[PDB]
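Listing of entry_21.pdb, PDB, C-alpha atoms (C1' of nucleotides) and all ligand atoms
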```
MODEL        1
ATOM      1  CA  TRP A   7     -40.574  23.310 -17.153
ATOM      2  CA  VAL A   8     -41.261  26.846 -15.897
ATOM      3  CA  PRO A   9     -38.169  28.844 -14.848
ATOM      4  CA  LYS A  10     -38.804  30.982 -11.786
ATOM      5  CA  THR A  11     -35.787  33.160 -10.943
ATOM      6  CA  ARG A  12     -33.624  35.475 -13.050
ATOM      7  CA  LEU A  13     -31.095  32.715 -13.748
ATOM      8  CA  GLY A  14     -33.869  30.492 -15.103
ATOM      9  CA  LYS A  15     -35.104  33.252 -17.406
ATOM     10  CA  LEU A  16     -31.537  33.931 -18.561
ATOM     11  CA  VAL A  17     -30.877  30.260 -19.304
ATOM     12  CA  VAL A  18     -34.182  29.879 -21.155
ATOM     13  CA  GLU A  19     -33.384  33.022 -23.186
ATOM     14  CA  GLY A  20     -30.047  31.466 -24.168
ATOM     15  CA  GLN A  21     -27.938  34.200 -22.556
ATOM     16  CA  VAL A  22     -26.482  31.724 -20.035
ATOM     17  CA  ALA A  23     -25.401  28.412 -21.579
ATOM     18  CA  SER A  24     -22.740  27.000 -19.240
ATOM     19  CA  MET A  25     -22.668  27.196 -15.460
ATOM     20  CA  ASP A  26     -19.504  29.333 -15.451
ATOM     21  CA  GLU A  27     -21.325  32.385 -16.809
ATOM     22  CA  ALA A  28     -24.170  31.650 -14.389
ATOM     23  CA  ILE A  29     -21.667  31.820 -11.523
ATOM     24  CA  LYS A  30     -20.351  35.037 -13.081
ATOM     25  CA  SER A  31     -23.930  36.337 -12.927
ATOM     26  CA  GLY A  32     -23.760  35.963  -9.142
ATOM     27  CA  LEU A  33     -27.450  35.150  -8.743
ATOM     28  CA  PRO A  34     -28.711  32.225  -6.645
ATOM     29  CA  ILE A  35     -28.948  29.018  -8.678
ATOM     30  CA  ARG A  36     -32.036  27.554  -7.012
ATOM     31  CA  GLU A  37     -33.919  25.709  -9.759
ATOM     32  CA  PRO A  38     -32.743  22.093 -10.240
ATOM     33  CA  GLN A  39     -33.951  22.229 -13.873
ATOM     34  CA  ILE A  40     -31.402  24.849 -14.968
ATOM     35  CA  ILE A  41     -28.067  23.047 -14.544
ATOM     36  CA  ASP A  42     -29.368  20.051 -16.520
ATOM     37  CA  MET A  43     -29.724  22.232 -19.612
ATOM     38  CA  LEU A  44     -26.596  24.233 -18.719
ATOM     39  CA  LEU A  45     -24.612  20.995 -18.268
ATOM     40  CA  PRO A  46     -26.465  18.136 -19.994
ATOM     41  CA  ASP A  47     -23.359  15.953 -19.472
ATOM     42  CA  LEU A  48     -23.754  15.910 -15.672
ATOM     43  CA  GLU A  49     -23.149  12.534 -14.043
ATOM     44  CA  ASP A  50     -23.713  11.447 -10.460
ATOM     45  CA  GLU A  51     -23.393   8.425  -8.187
ATOM     46  CA  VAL A  52     -25.150   7.432  -4.969
ATOM     47  CA  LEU A  53     -22.584   7.364  -2.176
ATOM     48  CA  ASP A  54     -24.570   5.591   0.548
ATOM     49  CA  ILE A  55     -28.107   4.481   1.370
ATOM     50  CA  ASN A  56     -27.750   4.773   5.164
ATOM     51  CA  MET A  57     -31.347   4.422   6.356
ATOM     52  CA  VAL A  58     -32.008   6.900   9.163
ATOM     53  CA  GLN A  59     -35.014   6.588  11.471
ATOM     54  CA  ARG A  60     -36.795   8.622  14.136
ATOM     55  CA  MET A  61     -38.902   8.024  17.232
ATOM     56  CA  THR A  62     -42.648   8.601  17.471
ATOM     57  CA  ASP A  63     -45.316   7.828  20.057
ATOM     58  CA  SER A  64     -46.492   4.739  18.135
ATOM     59  CA  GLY A  65     -43.885   2.986  16.006
ATOM     60  CA  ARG A  66     -40.732   4.528  14.550
ATOM     61  CA  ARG A  67     -40.269   6.942  11.654
ATOM     62  CA  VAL A  68     -38.126   5.747   8.751
ATOM     63  CA  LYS A  69     -36.332   7.789   6.096
ATOM     64  CA  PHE A  70     -33.340   7.377   3.799
ATOM     65  CA  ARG A  71     -30.308   9.680   3.809
ATOM     66  CA  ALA A  72     -28.968   8.658   0.393
ATOM     67  CA  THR A  73     -26.200  10.959  -0.841
ATOM     68  CA  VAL A  74     -25.286  11.440  -4.499
ATOM     69  CA  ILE A  75     -22.226  13.367  -5.675
ATOM     70  CA  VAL A  76     -22.314  15.141  -9.045
ATOM     71  CA  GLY A  77     -19.378  15.884 -11.328
ATOM     72  CA  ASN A  78     -18.579  16.087 -15.038
ATOM     73  CA  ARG A  79     -15.111  14.429 -15.185
ATOM     74  CA  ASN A  80     -13.574  17.635 -16.566
ATOM     75  CA  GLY A  81     -13.197  20.126 -13.706
ATOM     76  CA  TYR A  82     -16.732  20.635 -12.413
ATOM     77  CA  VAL A  83     -18.170  18.743  -9.448
ATOM     78  CA  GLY A  84     -20.710  19.341  -6.707
ATOM     79  CA  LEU A  85     -22.058  17.855  -3.498
ATOM     80  CA  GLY A  86     -25.655  17.242  -2.492
ATOM     81  CA  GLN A  87     -27.673  14.948  -0.230
ATOM     82  CA  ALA A  88     -31.355  14.625   0.600
ATOM     83  CA  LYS A  89     -33.763  12.442   2.555
ATOM     84  CA  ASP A  90     -37.384  11.414   2.078
ATOM     85  CA  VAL A  91     -39.799   8.599   2.912
ATOM     86  CA  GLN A  92     -38.682   6.407  -0.003
ATOM     87  CA  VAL A  93     -35.312   5.667  -1.558
ATOM     88  CA  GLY A  94     -36.524   6.890  -4.961
ATOM     89  CA  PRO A  95     -37.694  10.354  -3.881
ATOM     90  CA  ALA A  96     -34.729  10.610  -1.496
ATOM     91  CA  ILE A  97     -32.129   9.925  -4.192
ATOM     92  CA  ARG A  98     -33.953  12.157  -6.675
ATOM     93  CA  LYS A  99     -34.023  14.980  -4.125
ATOM     94  CA  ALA A 100     -30.298  14.412  -3.561
ATOM     95  CA  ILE A 101     -29.718  14.634  -7.319
ATOM     96  CA  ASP A 102     -31.715  17.877  -7.348
ATOM     97  CA  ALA A 103     -29.654  19.323  -4.487
ATOM     98  CA  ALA A 104     -26.274  18.194  -5.841
ATOM     99  CA  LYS A 105     -26.632  19.730  -9.304
ATOM    100  CA  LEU A 106     -27.312  23.151  -7.757
ATOM    101  CA  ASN A 107     -24.001  22.963  -5.855
ATOM    102  CA  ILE A 108     -21.609  22.333  -8.755
ATOM    103  CA  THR A 109     -18.350  24.298  -8.664
ATOM    104  CA  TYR A 110     -15.348  24.794 -10.936
ATOM    105  CA  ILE A 111     -11.993  23.600  -9.594
ATOM    106  CA  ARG A 112      -8.825  24.417 -11.518
ATOM    107  CA  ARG A 113      -6.303  21.609 -11.909
ATOM    108  CA  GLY A 114      -2.693  21.102 -12.938
ATOM    109  CA  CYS A 115       0.469  19.202 -11.951
ATOM    110  CA  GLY A 116       2.093  20.477  -8.759
ATOM    111  CA  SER A 117       3.693  17.165  -7.866
ATOM    112  CA  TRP A 118       7.315  17.022  -6.738
ATOM    113  CA  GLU A 119       7.975  14.045  -9.027
ATOM    114  CA  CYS A 120       5.455  14.828 -11.762
ATOM    115  CA  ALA A 121       6.422  17.792 -13.922
ATOM    116  CA  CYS A 122       3.870  17.786 -16.761
ATOM    117  CA  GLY A 123       1.858  20.899 -15.892
ATOM    118  CA  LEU A 124      -1.034  19.688 -18.031
ATOM    119  CA  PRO A 125      -4.124  19.245 -15.836
ATOM    120  CA  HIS A 126      -4.242  15.704 -14.463
ATOM    121  CA  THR A 127      -3.872  16.120 -10.674
ATOM    122  CA  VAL A 128      -4.358  18.673  -7.898
ATOM    123  CA  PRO A 129      -2.690  22.077  -8.452
ATOM    124  CA  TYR A 130      -1.083  21.913  -4.990
ATOM    125  CA  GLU A 131      -1.624  20.734  -1.415
ATOM    126  CA  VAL A 132      -5.046  21.438   0.126
ATOM    127  CA  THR A 133      -7.232  20.038   2.896
ATOM    128  CA  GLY A 134     -10.854  19.018   3.320
ATOM    129  CA  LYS A 135     -12.397  18.497   6.766
ATOM    130  CA  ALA A 136     -16.102  17.687   7.157
ATOM    131  CA  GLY A 137     -16.623  16.607  10.715
ATOM    132  CA  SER A 138     -13.509  14.914  12.044
ATOM    133  CA  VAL A 139     -12.755  13.352   8.642
ATOM    134  CA  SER A 140      -9.897  15.233   6.974
ATOM    135  CA  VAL A 141      -8.301  14.765   3.543
ATOM    136  CA  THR A 142      -5.140  16.395   2.177
ATOM    137  CA  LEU A 143      -4.881  16.753  -1.608
ATOM    138  CA  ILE A 144      -1.170  16.207  -2.228
ATOM    139  CA  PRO A 145      -0.283  16.146  -5.951
ATOM    140  CA  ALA A 146       0.597  12.845  -7.592
ATOM    141  CA  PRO A 147       2.574  11.862 -10.695
ATOM    142  CA  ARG A 148       0.725  11.524 -13.979
ATOM    143  CA  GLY A 149      -0.820   8.249 -15.120
ATOM    144  CA  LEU A 150      -1.009   6.730 -11.637
ATOM    145  CA  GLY A 151      -4.541   7.010 -10.225
ATOM    146  CA  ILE A 152      -6.160   8.175  -7.006
ATOM    147  CA  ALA A 153      -4.448   7.017  -3.809
ATOM    148  CA  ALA A 154      -7.648   7.300  -1.786
ATOM    149  CA  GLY A 155     -10.698   5.263  -0.816
ATOM    150  CA  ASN A 156     -13.504   3.788  -2.881
ATOM    151  CA  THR A 157     -15.914   6.641  -2.168
ATOM    152  CA  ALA A 158     -12.964   9.026  -2.488
ATOM    153  CA  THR A 159     -12.206   7.432  -5.859
ATOM    154  CA  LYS A 160     -15.850   7.904  -6.904
ATOM    155  CA  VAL A 161     -15.992  11.549  -5.809
ATOM    156  CA  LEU A 162     -12.617  12.466  -7.321
ATOM    157  CA  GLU A 163     -13.413  10.586 -10.533
ATOM    158  CA  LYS A 164     -16.686  12.508 -10.765
ATOM    159  CA  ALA A 165     -14.728  15.715 -10.140
ATOM    160  CA  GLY A 166     -12.222  14.832 -12.874
ATOM    161  CA  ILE A 167      -9.180  14.515 -10.593
ATOM    162  CA  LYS A 168      -6.983  11.647 -11.774
ATOM    163  CA  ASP A 169      -3.840  11.129  -9.645
ATOM    164  CA  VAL A 170      -3.741  12.073  -5.956
ATOM    165  CA  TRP A 171      -2.108  10.857  -2.786
ATOM    166  CA  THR A 172      -4.048  11.608   0.396
ATOM    167  CA  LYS A 173      -4.362  10.634   4.053
ATOM    168  CA  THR A 174      -7.269  10.415   6.490
ATOM    169  CA  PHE A 175      -7.558  11.536  10.108
ATOM    170  CA  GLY A 176     -10.291  11.017  12.682
ATOM    171  CA  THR A 177     -13.214   8.606  12.479
ATOM    172  CA  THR A 178     -13.390   7.804   8.760
ATOM    173  CA  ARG A 179     -16.433   5.517   9.179
ATOM    174  CA  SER A 180     -19.021   8.120   8.123
ATOM    175  CA  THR A 181     -19.171   8.027   4.328
ATOM    176  CA  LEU A 182     -21.230  11.240   4.320
ATOM    177  CA  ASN A 183     -18.442  13.152   6.060
ATOM    178  CA  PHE A 184     -15.965  11.486   3.698
ATOM    179  CA  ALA A 185     -17.809  12.902   0.680
ATOM    180  CA  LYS A 186     -18.282  16.306   2.327
ATOM    181  CA  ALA A 187     -14.611  16.551   3.344
ATOM    182  CA  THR A 188     -13.556  15.622  -0.185
ATOM    183  CA  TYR A 189     -15.844  18.452  -1.322
ATOM    184  CA  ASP A 190     -14.208  20.790   1.212
ATOM    185  CA  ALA A 191     -10.737  19.831  -0.019
ATOM    186  CA  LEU A 192     -11.731  20.368  -3.655
ATOM    187  CA  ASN A 193     -13.184  23.762  -2.717
ATOM    188  CA  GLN A 194      -9.929  24.623  -0.964
ATOM    189  CA  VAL A 195      -8.138  23.559  -4.172
ATOM    190  CA  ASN A 196      -9.289  26.764  -5.887
ATOM    191  CA  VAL A 197      -9.269  29.162  -2.928
ATOM    192  CA  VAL A 198      -5.602  29.289  -1.861
ATOM    193  CA  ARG A 199      -3.825  32.482  -2.912
ATOM    194  CA  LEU A 200      -1.461  31.912  -5.888
ATOM    195  CA  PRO A 201       1.417  34.158  -6.990
ATOM    196  CA  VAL A 202       0.777  36.685  -9.736
ATOM    197  CA  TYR A 203       3.851  35.497 -11.660
ATOM    198  CA  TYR A 204       2.746  31.842 -11.658
TER     199      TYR A 204
ATOM    200  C1'   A B   1      -2.549   2.767  -5.349
ATOM    201  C1'   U B   2       0.691   7.583   0.281
ATOM    202  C1'   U B   3      -6.650   3.000   0.165
ATOM    203  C1'   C B   4     -10.821   1.677   3.369
ATOM    204  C1'   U B   5     -14.948  -1.617   5.191
ATOM    205  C1'   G B   6     -18.592  -3.879   9.717
ATOM    206  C1'   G B   7     -19.099  -3.536  15.042
ATOM    207  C1'   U B   8     -21.398   0.621  21.179
ATOM    208  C1'   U B   9     -26.891   4.076  18.813
ATOM    209  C1'   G B  10     -34.307   4.262  18.305
ATOM    210  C1'   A B  11     -31.070   7.414  14.806
ATOM    211  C1'   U B  12     -26.326  10.844  14.497
ATOM    212  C1'   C B  13     -21.374  12.839  15.499
ATOM    213  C1'   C B  14     -17.395  10.855  17.759
ATOM    214  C1'   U B  15     -13.193   8.906  21.355
ATOM    215  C1'   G B  16     -11.954   4.100  21.252
ATOM    216  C1'   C B  17     -10.335  -0.363  20.720
ATOM    217  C1'   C B  18     -12.111  -5.211  18.617
ATOM    218  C1'   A B  19     -12.479  -7.785  14.159
ATOM    219  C1'   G B  20     -11.860  -7.666   8.179
ATOM    220  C1'   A B  21      -8.522  -6.846   4.335
ATOM    221  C1'   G B  22      -1.982  -7.635   2.152
ATOM    222  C1'   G B  23       3.121  -9.416   3.065
ATOM    223  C1'   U B  24       6.907 -12.407   5.308
ATOM    224  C1'   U B  25       8.397 -16.193   8.537
ATOM    225  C1'   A B  26       7.638 -21.042  11.159
ATOM    226  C1'   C B  27       4.371 -25.247  11.247
ATOM    227  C1'   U B  28       0.544 -27.718   9.044
ATOM    228  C1'   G B  29      -4.925 -29.669   6.610
ATOM    229  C1'   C B  30      -6.396 -30.697   1.660
ATOM    230  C1'   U B  31      -4.060 -31.739  -2.550
ATOM    231  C1'   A B  32      -0.756 -32.006  -7.237
ATOM    232  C1'   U B  33       2.677 -32.810 -14.236
ATOM    233  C1'   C B  34       7.363 -30.651 -15.332
ATOM    234  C1'   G B  35      11.851 -27.790 -16.137
ATOM    235  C1'   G B  36      15.179 -23.814 -14.824
ATOM    236  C1'   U B  37      18.251 -20.884 -11.067
ATOM    237  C1'   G B  38      21.472 -21.866  -5.790
ATOM    238  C1'   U B  39      24.021 -19.182  -1.444
ATOM    239  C1'   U B  40      17.558 -24.026   1.737
ATOM    240  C1'   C B  41      16.129 -29.123   4.212
ATOM    241  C1'   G B  42      17.489 -32.049  13.253
ATOM    242  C1'   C B  43      18.161 -23.852  14.143
ATOM    243  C1'   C B  44      13.359 -23.005  17.146
ATOM    244  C1'   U B  45      12.456 -29.875  21.797
ATOM    245  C1'   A B  46      17.451 -32.800  23.338
ATOM    246  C1'   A B  47      25.069 -28.102  22.912
ATOM    247  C1'   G B  48      20.242 -35.285  24.354
ATOM    248  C1'   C B  49      22.475 -40.337  23.580
ATOM    249  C1'   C B  50      24.907 -43.083  19.583
ATOM    250  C1'   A B  51      25.398 -49.256  16.752
ATOM    251  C1'   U B  52      27.804 -49.272  11.518
ATOM    252  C1'   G B  53      31.247 -47.357   7.528
ATOM    253  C1'   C B  54      34.015 -43.051   6.799
ATOM    254  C1'   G B  55      36.057 -37.814   7.174
ATOM    255  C1'   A B  56      44.231 -36.736   6.381
ATOM    256  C1'   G B  57      46.979 -38.221   4.908
ATOM    257  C1'   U B  58      51.811 -38.078   1.984
ATOM    258  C1'   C B  59      57.084 -38.518   1.091
ATOM    259  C1'   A B  60      61.585 -44.220  -3.939
ATOM    260  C1'   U B  61      65.561 -37.145  -5.502
ATOM    261  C1'   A B  62      65.881 -38.484   3.339
ATOM    262  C1'   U B  63      67.720 -43.646   5.218
ATOM    263  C1'   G B  64      67.061 -48.607   5.610
ATOM    264  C1'   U B  65      64.594 -54.639   3.970
ATOM    265  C1'   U B  66      62.309 -58.580   1.267
ATOM    266  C1'   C B  67      59.724 -59.484  -3.882
ATOM    267  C1'   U B  68      58.478 -58.551  -8.717
ATOM    268  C1'   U B  69      53.553 -57.572 -12.466
ATOM    269  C1'   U B  70      60.927 -54.442 -14.024
ATOM    270  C1'   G B  71      57.845 -49.959 -13.340
ATOM    271  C1'   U B  72      58.731 -42.749 -10.238
ATOM    272  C1'   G B  73      55.195 -50.622  -9.300
ATOM    273  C1'   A B  74      53.942 -52.218  -4.223
ATOM    274  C1'   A B  75      54.767 -54.101   1.381
ATOM    275  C1'   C B  76      57.576 -52.997   6.102
ATOM    276  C1'   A B  77      60.732 -49.374   9.232
ATOM    277  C1'   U B  78      63.430 -44.724  10.810
ATOM    278  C1'   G B  79      62.490 -39.952   9.466
ATOM    279  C1'   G B  80      60.381 -34.803   7.199
ATOM    280  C1'   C B  81      56.032 -32.187   6.396
ATOM    281  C1'   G B  82      50.831 -31.981   7.329
ATOM    282  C1'   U B  83      46.700 -32.989  10.359
TER     283        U B  83
HETATM  284 ZN    ZN A 301       2.031  15.961 -14.990
ENDMDL
END
```
Please re-express this file's structure in structure tokens.
Amino acid sequence: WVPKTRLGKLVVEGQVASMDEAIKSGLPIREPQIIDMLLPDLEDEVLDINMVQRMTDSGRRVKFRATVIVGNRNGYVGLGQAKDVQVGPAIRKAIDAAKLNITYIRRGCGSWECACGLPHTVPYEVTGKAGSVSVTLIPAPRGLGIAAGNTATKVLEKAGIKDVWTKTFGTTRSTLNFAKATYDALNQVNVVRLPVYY
RNA sequence: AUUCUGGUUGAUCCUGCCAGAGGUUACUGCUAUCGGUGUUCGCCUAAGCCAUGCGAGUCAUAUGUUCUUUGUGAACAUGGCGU
């Protein structure tokens, strides 16, 4: 594998080992073959195989919009989807796109009933809205599980979040918007302004 | 577990209901060994109609009469209480 950008040269030199220092570098993480060495423990799951099509003069174009979400079950998770003529190349392109979009989300115990403080649930209440699908990340008591959907359980188990209550608004049929709104909520987890004394 | 899934599209987002998925209640198809707990089994139609037995009777230290199995034993009556 030939690194191409400055981040690839830095990771091949050994200066950047984990993705946190790469994000601290501030450069664009464009090569899919950098995060695999930075995080060899990356895991992902295909979230749907919804087969799109398209109209032509003679026949009908066919593609696959398979989406795969990537996390590490510790506090890092990312979103990524891709399409191509075959399910294999489509899912592999989605895996390439997802690993470039991994982010670090800080976690704790902000539940009204839970009082542990050790990171097992969302730090506080946040929202994720991709399309009309919206998800609120209300904290949950420890040792309880995710009070969300099956794809929500997959995405939040990839992201490392353990116990959460949620709620869904709008047309929840689109699994792609469900994954993207969960991503938006997790990104709003670590963007709200916290007190300096906390 | 403060839960989603399919359906309108050539394909998407979506409003929108439809249907899926869990209780409980009533009834019921199929079907079947047993015990425990108690505060269920003609309510939902007919508060329709009823054969049969029965469900409130008791009082000898209230009065009165005949027996005896001689004893707060029974039968009758007036009467008290209760129904
Ligand atoms: Zn806790």
Exercise. At what distance in Å, to one decimal, does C1' of residue 55 (chain B) lie from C1' of residue 81 (chain B)?
Worked result: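 Atom-to-atom, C1' of residue 81 (chain B) and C1' of residue 55 (chain B) are spaced 20.8 Å apart.
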Seminar exercise, completed: Computed gap from CA of residue 54 (chain A) to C1' of residue 21 (chain B) is 20.7 Å
For this session: Select the residues contacting ligand ZN 301 (chain A) at a distance of at most 8 Å, based on only C-alpha atoms (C1' of nucleotides) and all ligand atoms, then format the selection as a PyMOL selection string.
Result: chain A and resi 114-117+120-127+147-148
For this session: Would you work out the distance separating CA of residue 42 (chain A) from CA of residue 80 (chain A), expressed in Å to one decimal?
Result: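 Calculated distance between CA of residue 42 (chain A) and CA of residue 80 (chain A) is 16.0 Å.
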Problem set entry | Protein and nucleic acid residues near (68.6, -43.1, 3.4) (cut-off 10 Å, only C-alpha atoms (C1' of nucleotides)) as a PyMOL selection string | chain B and resi 62-64+78-79
For this session: Given the file shown, determine the residues that the PyMOL selection byres ((chain A and not hetatm) within 12 of (chain B)) selects; report them as number ranges by chain.
Result: A: 56-63, 65-71, 136-139, 141-147, 149-159, 168-174, 176-184
Exercise. Just so the selection is clear, what residues does the PyMOL selection byres (((chain A and resi 195) around 9) and not hetatm) cover here, as an MDAnalysis selection string?
Worked result: chainID A and resid 111:113 128:133 143 190:194 196:198
For this session: Report as a ChimeraX atom specification the residues that result from applying the PyMOL selection byres (((chain A and resi 18-26) around 8) and not hetatm) to the structure here.
Result: /A:9,13-17,27-30,41,43-45,110
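Of the listed residues A:40, A:79, A:74, A:10, the one whose atoms come nearest to residue 167 (chain A) is A:79, with distances taken using all atoms listed in the file.
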Exercise. Could you name the residues that touch residue 103 (chain A) at 8 Å or less, counting all atoms listed in the file, but leaving out those on the same chain fewer than 5 positions away, as a list in words?
Worked result: residues 38, 85, 86, 87 and 88 of chain A
Enclose region 35-53 of chain B, meaning all of its atoms listed in the file, in a box aligned along x, y and z, pad it by 3 Å on each side, and list the centre and edge lengths in Å to one decimal, as JSON.
```
{"center_x": 21.5, "center_y": -34.2, "center_z": 4.1, "size_x": 25.4, "size_y": 36.1, "size_z": 46.5}
```
If I only have part of region 69-80 of chain A, can you fill in N, CA, C and O atoms and write it as a compact mmCIF listing (two decimals), keeping the file's coordinate frame?
```
# COMPACT_ATOMS: atom_id res chain seq x y z
N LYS A 69 -36.69 7.03 7.29
CA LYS A 69 -36.33 7.79 6.10
C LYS A 69 -35.07 7.18 5.51
O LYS A 69 -34.57 6.16 5.98
N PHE A 70 -34.55 7.82 4.46
CA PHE A 70 -33.34 7.38 3.80
C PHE A 70 -32.49 8.60 3.51
O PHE A 70 -32.96 9.56 2.91
N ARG A 71 -31.23 8.55 3.94
CA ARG A 71 -30.31 9.68 3.81
C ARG A 71 -29.33 9.47 2.67
O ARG A 71 -28.13 9.72 2.82
N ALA A 72 -29.82 8.96 1.54
CA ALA A 72 -28.97 8.66 0.39
C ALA A 72 -28.31 9.92 -0.16
O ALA A 72 -28.98 10.93 -0.40
N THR A 73 -27.00 9.84 -0.36
CA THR A 73 -26.20 10.96 -0.84
C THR A 73 -25.69 10.63 -2.23
O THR A 73 -25.22 9.51 -2.48
N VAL A 74 -25.79 11.60 -3.14
CA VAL A 74 -25.29 11.44 -4.50
C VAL A 74 -24.39 12.63 -4.83
O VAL A 74 -24.78 13.78 -4.63
N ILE A 75 -23.19 12.34 -5.31
CA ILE A 75 -22.23 13.37 -5.68
C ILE A 75 -22.30 13.56 -7.18
O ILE A 75 -22.49 12.59 -7.93
N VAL A 76 -22.17 14.80 -7.63
CA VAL A 76 -22.31 15.14 -9.04
C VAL A 76 -21.03 15.79 -9.54
O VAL A 76 -20.52 16.73 -8.91
N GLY A 77 -20.51 15.29 -10.65
CA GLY A 77 -19.38 15.88 -11.33
C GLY A 77 -19.56 15.85 -12.83
O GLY A 77 -20.65 15.50 -13.31
N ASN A 78 -18.52 16.20 -13.59
CA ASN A 78 -18.58 16.09 -15.04
C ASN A 78 -17.31 15.48 -15.62
O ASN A 78 -17.18 15.41 -16.84
N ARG A 79 -16.37 15.05 -14.77
CA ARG A 79 -15.11 14.43 -15.18
C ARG A 79 -14.22 15.36 -16.00
O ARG A 79 -13.37 14.90 -16.77
N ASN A 80 -14.39 16.67 -15.84
CA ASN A 80 -13.57 17.64 -16.57
C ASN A 80 -13.07 18.79 -15.71
O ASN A 80 -12.17 19.50 -16.15
```
